[PDB]
Number of protein chains: 4
Amino acid sequence: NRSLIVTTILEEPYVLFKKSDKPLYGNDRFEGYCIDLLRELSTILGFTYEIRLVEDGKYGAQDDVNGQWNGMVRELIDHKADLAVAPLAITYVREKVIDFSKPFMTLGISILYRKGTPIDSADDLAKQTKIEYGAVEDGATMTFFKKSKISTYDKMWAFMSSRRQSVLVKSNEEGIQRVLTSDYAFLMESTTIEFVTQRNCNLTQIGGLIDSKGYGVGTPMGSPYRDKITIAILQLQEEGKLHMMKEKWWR
Amino acid sequence: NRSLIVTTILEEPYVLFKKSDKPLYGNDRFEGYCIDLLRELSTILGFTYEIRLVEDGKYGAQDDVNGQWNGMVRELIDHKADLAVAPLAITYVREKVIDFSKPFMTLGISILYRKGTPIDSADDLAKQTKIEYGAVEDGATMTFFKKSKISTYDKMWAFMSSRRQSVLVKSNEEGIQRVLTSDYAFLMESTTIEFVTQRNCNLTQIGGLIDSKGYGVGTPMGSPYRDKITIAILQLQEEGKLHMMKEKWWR
Amino acid sequence: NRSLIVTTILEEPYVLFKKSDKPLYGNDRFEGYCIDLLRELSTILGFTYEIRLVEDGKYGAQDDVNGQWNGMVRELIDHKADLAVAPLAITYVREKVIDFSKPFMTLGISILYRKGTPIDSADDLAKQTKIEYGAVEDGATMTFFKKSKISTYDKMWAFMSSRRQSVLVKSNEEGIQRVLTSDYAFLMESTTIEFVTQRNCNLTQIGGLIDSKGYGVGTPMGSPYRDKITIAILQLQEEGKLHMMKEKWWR
Amino acid sequence: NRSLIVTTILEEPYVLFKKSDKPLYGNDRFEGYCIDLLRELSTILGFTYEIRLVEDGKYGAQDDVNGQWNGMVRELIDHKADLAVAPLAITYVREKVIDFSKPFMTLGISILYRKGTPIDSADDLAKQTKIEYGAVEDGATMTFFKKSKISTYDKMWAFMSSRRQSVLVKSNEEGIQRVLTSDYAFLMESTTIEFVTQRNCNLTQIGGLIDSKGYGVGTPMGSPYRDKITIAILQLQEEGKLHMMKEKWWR
Ligand SMILES: N[C@@H](Cn1oc(=O)[nH]c1=O)C(=O)O
Ligand SMILES: N[C@@H](Cn1oc(=O)[nH]c1=O)C(=O)O
Ligand SMILES: N[C@@H](Cn1oc(=O)[nH]c1=O)C(=O)O
Ligand SMILES: N[C@@H](Cn1oc(=O)[nH]c1=O)C(=O)O
Ligand SMILES: [Cl-]
Ligand SMILES: [Cl-]
Ligand SMILES: [Cl-]
Ligand SMILES: [Cl-]
């Protein structure tokens, strides 16, 4: 039973490089909610593993031209990883190419912006073009807008799409820092927004949740690990361990 | 400028009887998030008021038979009150008969249940008939299920409707107590669930949000106060006062 | 401009007595698709009205002996009513004695029977004499069979005719209840069959439509209201209001 | 017992290419109402099969000049297939050259058009030449008009025939698209119209059914399979399976 290769992505407080005065090795080099989850999965299900950072640095989306997937989703498809343990949104389009365990966390797309402004909803952003807004490129949020038939969101996509290179960022961190330096609103997941606004009193969520989804462990389609992982996650859920992990990393 | 009549409903931590040794009079007899909001609205917009508890003790739903509304919605329709300041959900069906200010709080329907169980979503409740579940009668949540066309929710309503007297309670507090004394899951709004679980370690929210909505001040349709109230709420929102009020009452 | 007298007949979901905990008066005593249609006609064309239930309880047919008409058709002929707003089939024989507006609904004669049987068409009923079948007396369906030169239907009429008092019922409701209690097949209009099978999972339509016709508002021949009514109906049609009414009463 | 060759044609929701990330093989490459029917026929009657799409992409009509048939009808005549399982209309002219099982579905020709217009019947289309209209070439609907002796239909055919290249399309999907991009009305079967309008709120059926017919499995004339197939279809009908299949694909 060789070690499983687990792909993930850097995103506070789910996954981050662990800091230490002394050299760190193997699994100890990383820490976070998803890293704790991965550890619990490994002992409950009995497996060793190597943590690999998704090489192209993306979550996963289908290319508009050739329809090929990228990010963690593509690494699973190509069997370059056995599992993807990260804040990976369970979506319909992704379920068509990879499998997901049951959710270990629920969330929804929302807006991150500076406080003190009259912007109070997605509509308030969509009805104007002065304040720019975006999302991380090749992520579930972007895909949500790209596929939305809801007028407000569809026009928001038209906006983002027409200014793609300027408003779609390489990482959520890049979008957050931007909201802090320029007149920019950032579309990202509520769980993360909670973490960010907790540590930046100048930031706030705008409006409520635009949708409802969950984070799940991804596996190559047909993987025998998916159902086992679901059993482990549901067990961690019932015992209140997932709640304890959330409190630990969010506070 | 006679005092305005404000209808509301008892629901912690939005509205509650203020406790005291010395007799309390007038507006001071009540307290809560919505009572603070009402106070801020009165000084900002310049009006005095009388707080009245909705006579039939209901939020508001349209009767199947005669299609007549009840609760605070009906009190506004009949002009028995000038404003309704309470955790009143802004919904399409209500907007057809009364007006709402912009929301002062965003939330969504979710599930309240005991922790330690294998129930992890609305689907887990819907696919079984042992564990009963319900909502407050004549409220936005019940109406959501009654009108839902979504498979899971549609069958959950079939369930609730067929056991109406047993599972649709007269108040949210009744539903919460039912969750603590029997194998019962309660469908109610996330903002309130947050408050309840914060004070009852044995309770927990199940799954994420089933929908997205907001609480707004209700007024008779055509009321000149609605737009004024919206300006006051948006101002309280911008200055961070609504956030301060939420923190104060949810702690 | 005195109130118009409108004759109609009881038939779910077109016309029915409205139920209420409190006393109902005037037009409010009735409800249904045709009652909604009548209301829309009254406001669009500007007239008040009295709803009268056809006294002999019949739709309308010509007596085999003296050739006199009965039902709603006869009430129009005798000018006992200004309009007939009901699920009244527009037929050639009726057009000879009264006028019809353009159709507000299209349908066709079909078979209502229990499911799980080998009966799959009119032919399957006609080729046997064990299973009895009928239609409402003095209605368009009966008249269709009585005048049909199509072998299968002509022999079906011979059958019904020879057992008239046993198989021809007083109302469609009587024929439906019978299909539910005995080995009986009922010939009636597809629109109504749709409503019935929707509420009785034990019932089903057998085969397709035996013919094609429509329901129209009837008026005494030469009535100045007929063309106006047609304008109103065509307007309700174009705006999708007739479709909305159908969905409302059929679901 | 070699596998039977089954000819069919692409037409939602009867027959369509099944979508998937993983490669699909054999029978699994297709799906739809008729594909489910075909599967049930194979297990009930005991045969394996190969699905082939009719080479010339046509349903079947007899050529004016050489009086030769084309489409699935011709493939059956020439014994290029053992069965034709598709939304194949049972018609008198086809019964002269191939055999049909009893129908598995009943329908009728009707009109597909945009809503909000004053067109309310075939007569409204026939009495004008501005709005063009047509049908799929080499199909039962076109043949119905081509052979009709009914005034309205006869002139509608004169119209279509004189503009054949412009108004007679190569597929029903082409006709539907034409309805959404130009002042065009499309003559097609009611079962399919139901499916189309259910998914395109801008479309609607115009008038009622112009005729009555059914879909049956086609076989070469004299095929020993035809009676066996009829027994299987009638059994599926009785048990309610055909109704279940219709609900599944029409939703
Ligand atoms: N978890 C997201 C990545 N991304 O992070 C957000 O907060 N929004 C977003 O699109 C994904 O799995 O695609
Ligand atoms: N806020 C609700 C009342 N009720 O409280 C809940 O939490 N659900 C629910 O239906 C309303 O305005 O109708
Ligand atoms: N609508 C019919 C009465 N009746 O109802 C049916 O369904 N068939 C029938 O003859 C009429 O106007 O005569
Ligand atoms: N099912 C038809 C083909 N076609 O599809 C329609 O809807 N009309 C029409 O002619 C046939 O078997 O010829
Ligand atoms: Cl590692
Ligand atoms: Cl008071
Ligand atoms: Cl009346
Ligand atoms: Cl195949």
Side-chain angles (χ1 to χ4, degrees), chain B residues 3-12 14-15 17-18 24-31 34-35 38-39 42 48-54 57-62 69-73 76 81 84-91 93-94 98 100 103 105 107-112 134-146 160 168-176 186-196 205 209-211 213-218, chain C residues 3-8 15 17-18 24-31 35 38-39 42 48-53 81 85:
Chain B
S3 54
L4 301 185
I5 299 301
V6 180
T7 185
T8 187
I9 192 163
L10 296 166
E11 175 75 353
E12 297 179 56
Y14 311 93
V15 178
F17 292 121
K18 186 177 179 175
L24 299 173
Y25 305 96
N27 299 165
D28 197 49
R29 292 174 300 164
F30 306 85
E31 59 170 23
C34 286
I35 299 309
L38 174 54
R39 188 177 304 105
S42 69
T48 60
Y49 56 89
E50 279 171 44
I51 298 168
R52 293 188 183 171
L53 293 172
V54 57
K58 299 169 180 296
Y59 284 85
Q62 183 168 44
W69 282 84
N70 55 32
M72 294 183 275
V73 179
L76 291 175
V85 187
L88 190 68
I90 298 159
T91 68
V93 289
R94 282 170 176 175
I98 63 164
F100 290 91
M105 192 178 276
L107 51 137
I109 292 172
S110 196
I111 305 167
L112 179 69
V136 65
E137 51 168 35
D138 301 300
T141 296
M142 173 194 80
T143 298
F144 172 79
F145 282 87
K146 178 181 172 60
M160 297 182 266
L168 297 190
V169 298
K170 294 191 161 303
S171 69
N172 283 313
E173 187 44 57
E174 189 179 321
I176 300 167
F186 197 54
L187 283 285
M188 69 181 298
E189 301 164 332
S190 63
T191 37
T192 314
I193 289 178
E194 183 197 324
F195 179 79
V196 175
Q205 175 175 300
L209 272 35
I210 291 174
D211 78 337
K213 54 162 63 78
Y215 286 156
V217 171
Chain C
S3 68
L4 301 182
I5 289 181
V6 177
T7 185
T8 185
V15 179
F17 294 118
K18 187 180 182 181
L24 296 168
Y25 302 99
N27 302 163
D28 301 317
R29 294 172 300 165
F30 304 87
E31 75 179 341
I35 300 304
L38 173 55
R39 186 176 307 104
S42 72
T48 53
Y49 57 89
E50 273 176 40
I51 294 170
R52 281 182 174 51
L53 288 176
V85 183

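Side chains included, hydrogens not; waters and symmetry mates left out as well; all remaining heavy atoms used. Just follow the structure's listing: the first ligand is 1, and inside any ligand the first atom is 1. So you know, we letter chains A, B, ... as the sequences are listed, proteins then strands, and number each from 1.
- For the pair C:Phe17/C:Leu53, a side-chain contact is recorded, criterion being any heavy-atom separation below 4.5 Å from C-beta on.
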When you check ligand 2 against the protein, what N or O pairs turn up below 3.5 Å? List the atom names and distances, or just say none.
| from | atom 1 | to | atom 2 | distance (Å) |
| --- | --- | --- | --- | --- |
| ligand 2 | 1 (N) | B:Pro87 | O | 2.8 |
| ligand 2 | 1 (N) | B:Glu189 | OE1 | 2.6 |
| ligand 2 | 1 (N) | B:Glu189 | OE2 | 3.2 |
| ligand 2 | 5 (O) | B:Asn172 | ND2 | 2.8 |
| ligand 2 | 7 (O) | B:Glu189 | N | 2.8 |
| ligand 2 | 7 (O) | B:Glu189 | OE1 | 3.4 |
| ligand 2 | 8 (N) | B:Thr141 | OG1 | 2.8 |
| ligand 2 | 10 (O) | B:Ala140 | N | 3.2 |
| ligand 2 | 10 (O) | B:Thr141 | N | 2.9 |
| ligand 2 | 10 (O) | B:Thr141 | OG1 | 3.1 |
| ligand 2 | 12 (O) | B:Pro87 | O | 3.4 |
| ligand 2 | 12 (O) | B:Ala89 | N | 3.0 |
| ligand 2 | 12 (O) | B:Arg94 | NH1 | 3.0 |
| ligand 2 | 13 (O) | B:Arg94 | NH1 | 3.3 |
| ligand 2 | 13 (O) | B:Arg94 | NH2 | 2.7 |
| ligand 2 | 13 (O) | B:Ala140 | N | 2.7 |

Where do B:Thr8 and B:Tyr14 land on the side-chain hydrogen bond (donor to acceptor under 3.5 Å, both in side chains) test, with the steps shown first? CA-CA 10 Å; B:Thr8 187; B:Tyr14 311 93; over 6 Å; no
Checking B:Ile193 against B:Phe186 for the side-chain contact (heavy atoms from CB on, under 4.5 Å) test, could you report, in this order, the C-alpha distance in whole Å, the side-chain angles of both residues, the deciding distance, and whether it holds? CA-CA 10 Å; B:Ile193 289 178; B:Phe186 197 54; over 6 Å; no
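- Remark: B:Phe144 pairs with B:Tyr153 by the ring pair (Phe, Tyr, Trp, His ring centres under 6.0 Å) rule, at least two apart or across chains.
- Here B:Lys146 pairs with B:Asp64, B:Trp157 under the side-chain contact (heavy atoms from CB on, under 4.5 Å) rule; sequence neighbours left out.
- Every residue two or more places apart in sequence or in another chain was checked for a salt bridge (charged side-chain N to carboxylate O under 4.0 Å, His left out) with C:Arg29, and none qualifies.
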